[PDB]
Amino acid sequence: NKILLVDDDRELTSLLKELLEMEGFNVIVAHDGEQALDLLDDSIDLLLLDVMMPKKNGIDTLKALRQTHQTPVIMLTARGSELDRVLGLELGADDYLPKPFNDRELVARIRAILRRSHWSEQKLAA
């Protein structure tokens, strides 16, 4: 499973890339919404997407990517109010996990969404 990490915090993306690679995932990193849209293709199984970023924020990135891709999206951001969470889900995200987050919960939420994607893929191939 290939994960596209989108966040301008280079300390967080380096830490998450190491954590997720140790959990068996292939991780690629984008540091803004424009770079995310450049790297998004059919090889991506899931996006971890921040909101506040320079060049193109995560809400605009989510709206743009949903015009061409149904790729699973988890918002992962310091914008964690109940209003922010509903906004992210309604604009096309599958899940929304505020920062600070628990590493184990993030890994379990990634695994839960990819388990459902795999079930859909098995049925489609059959």
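A residue's number is simply how far along the shown sequence it sits, counting from 1.
A.B. asks: Between 32 to 40 and 91 to 99, point out the one with the higher average CA B-factor as the PDB entry records it.
C.D. replies: The stretch with the larger mean CA B-factor is 32 to 40.
A.B. asks: Test of understanding: from the entry's C-alpha B-factors, which stretch has the higher mean, 114 to 122 or 9 to 17?
C.D. replies: Averaging CA B-factors over each stretch, the winner is 114 to 122.
A.B. asks: Highest recorded C-alpha temperature factor, please, choosing from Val86, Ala78, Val27, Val73.
C.D. replies: Across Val86, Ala78, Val27, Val73, the entry lists the biggest C-alpha B-factor for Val27.
A.B. asks: Split the chain's modelled residues into thirds by Cα B-factor; is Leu46 in the lowest, middle or highest one?
C.D. replies: Middle third - that is where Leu46 ends up once the chain's C-alpha B-factors are sorted.
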